[PDB]
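The form deposited in one PDB entry is given below as one chain in structure tokens.
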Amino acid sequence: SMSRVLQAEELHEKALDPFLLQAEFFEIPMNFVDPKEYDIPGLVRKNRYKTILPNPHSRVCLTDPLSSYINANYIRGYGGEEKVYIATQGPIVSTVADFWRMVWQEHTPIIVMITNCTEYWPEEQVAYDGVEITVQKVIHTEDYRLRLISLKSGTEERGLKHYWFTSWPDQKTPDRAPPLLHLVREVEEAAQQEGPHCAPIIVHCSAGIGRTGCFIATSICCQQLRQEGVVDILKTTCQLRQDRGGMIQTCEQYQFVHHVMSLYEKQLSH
């Protein structure tokens, strides 16, 4: 268990010191899973990447070893709260139906898709394994497109909000931080609007670890900064790695979370 509690001054300077950031980052274990933990035949058709697999203790199981598998993990939130997010790979043609089965099974109210990563949402309507997916409205904003979706399976109807973030930067410099911070804030407000014990929020792009981990880590540290007046990005990254191997994949991503939190701290202090 690693930790470096940052007050405001050290946060601003830490985000701008790439040598210390890479020294710190590359001491965090990736906690990847041994591929021989999943010896099911035909399971490789359900993974985008051979070596990015779900840690077994936190794996989401659907309800046949193959039929119940999805490359997805429950992720703890701020203060260790269980099941605040699900981190998952972007669906492939072979798993689009499993993905929607997961959304239904978990009562997921919000999906966050992080692009600058797949194609699984319908033009108007589509159905998968008993659940009907209807896009009622599309809201275009500067930083994301929000789709208000209805899920129908039998007599039950549910709402769902799908956030498609389009401003993921190639160069992770501080000028590119505001859109991500805005997405984080809009999603956490939507989640509060669901009321007590919000069901898990699904986050993905391609492998479900890099951009995904940046988004979740920022979300966690925003609550930390508001409640405690500090941020601990190292401890947060360590908690995320225990839940799913590889969360926050690159040092550039690690620095980007520091840039976002440095921005948010300035905003809060005015």
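Sequential numbering from 1, following the sequence displayed.
Omitted from view is the form solved in complex with a small molecule, to which the following refers.
Asks: Hey, in the entry with it bound, is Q136 touching the small molecule, heavy atoms inside 4.5 Å?
Replies: Residue-level check for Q136: no, no contact with the small molecule.
Asks: Is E81 a contact residue for the small molecule in the entry with it bound, using a 4.5 Å heavy atom cut-off?
Replies: Flag for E81 set to yes.
Asks: Should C117 be counted as a contact of the small molecule in the entry with it bound, where contact means heavy atoms within 4.5 Å?
Replies: Because no heavy atom of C117 falls inside 4.5 Å of the small molecule in the entry with it bound, the answer is no.
Asks: Any chance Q223 has a heavy atom within 4.5 Å of the small molecule in the entry with it bound?
Replies: Yes, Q223 sits close enough to the small molecule in the entry with it bound that at least one of its heavy atoms falls within 4.5 Å.
Asks: Please name which of the stretches 119-127, 91-99, 147-155, 181-189 has residues with heavy atoms lying within 4.5 Å of the small molecule in the entry with it bound.
Replies: Of the options given, it is 181-189.
Asks: Suppose contact means a heavy atom within 4.5 Å; in the entry with it bound, does that hold for all of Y85, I201 and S219 with the small molecule?
Replies: Checked in the entry with it bound: all three residues contact the small molecule.
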